[PDB]
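Below, in structure tokens: the form deposited in one PDB entry, a single chain.
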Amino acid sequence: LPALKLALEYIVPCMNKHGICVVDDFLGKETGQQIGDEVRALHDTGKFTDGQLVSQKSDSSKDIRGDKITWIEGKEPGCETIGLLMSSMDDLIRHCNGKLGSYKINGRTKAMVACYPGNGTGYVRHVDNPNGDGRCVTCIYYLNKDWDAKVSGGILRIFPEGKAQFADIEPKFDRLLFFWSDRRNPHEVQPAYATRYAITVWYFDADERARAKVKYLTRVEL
């Protein structure tokens, strides 16, 4: 399905209605499997961090470590399929120009590639952008083949503001997710008992980032 059709007929209405949007089969099996292979290569090559410290033990060898990350621009060697994923996400957002809320999306971050090792670690409830740092849309791509939450966990639970219910999102293979980055969508990752990969990109609203930049002022010589 073309990016423009997807954007206008589903992503825009759904984001403006619920603030959470799921697109399944975003790139197809070939592309998705190659993305998975590139991410697994990065993991094999040691490109990831050791993971977030969850419990500090006095024998530091017994310290548990959770989500590993690596930042990917999309032009590194052996990452060109990741780059095409991000150019596709960019195409989607570009076709949504001006139609998601009142935001004018003028930029994005690098890709944060996250790897939950499958050792029972999750991610605690949080808000992506709680202090108006300019990020308005969180966009995530899941690449875990035949993931069964019932067996392996790893569900992303979003707690939409003002709604009692949850929104449970399994990290399905070739799945794309959009949600507002601010207080409207607190979320957490339930414990993962298998290796769980995700690729996240945050998109910037021009005005919010422009006035956020001031706090970064601390610059031109005199």
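We call the rigid core whatever largest set of C-alpha positions still superposes within 1.5 Å between the two forms. The first residue of the sequence shown is number 1, and the count goes up from there.
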Please count the deposited residues lying between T218 and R219 that the model leaves without coordinates, and give the class: none, 1 to 3, 4 to 9, or 10 or more. 4 to 9
Averaging the C-alpha temperature factors as deposited, the higher value of 91 to 99 versus 67 to 75 falls on 91 to 99
Averaging C-alpha B-factors over each stretch, which comes out higher, 195 to 203 or 14 to 22? 14 to 22
Out of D174, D59, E170, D182, residue topping the C-alpha B-factor column of the entry: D59
Whose CA atom has the top B-factor in the entry, of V54, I155, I158, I35? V54
Taking the C-alpha B-factors as the PDB entry records them, is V214 in the lowest, middle or highest third of its chain? highest
Could you look up the Cα B-factor of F48 in the entry and say which third of the chain it sits in: lowest, middle or highest? middle
In terms of its chain's C-alpha B-factors, the third that includes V151 is the highest
Sorting the chain's modelled residues by C-alpha B-factor and splitting them into thirds places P186 in the lowest
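Keep in mind the form deposited in another entry is missing from the figure; the text below concerns it.
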Relative to the superposed core, which single residue of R157, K29, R65, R40 shows a CA shift of 2 Å or more between this form and the one not shown? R65
Using a rigid core superposition, assess whether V54 undergoes a CA shift of 2 Å or more between this form and the one not shown. yes
Work out whether the Cα atoms of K57 and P191 come closer together or move farther apart in that other deposited form than they are in this form, the change being 3 angstroms or more. farther
Given a change of 3 Å or more, say if the Cα atoms of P191 and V54 sit closer or farther in that other deposited form than in this form. farther
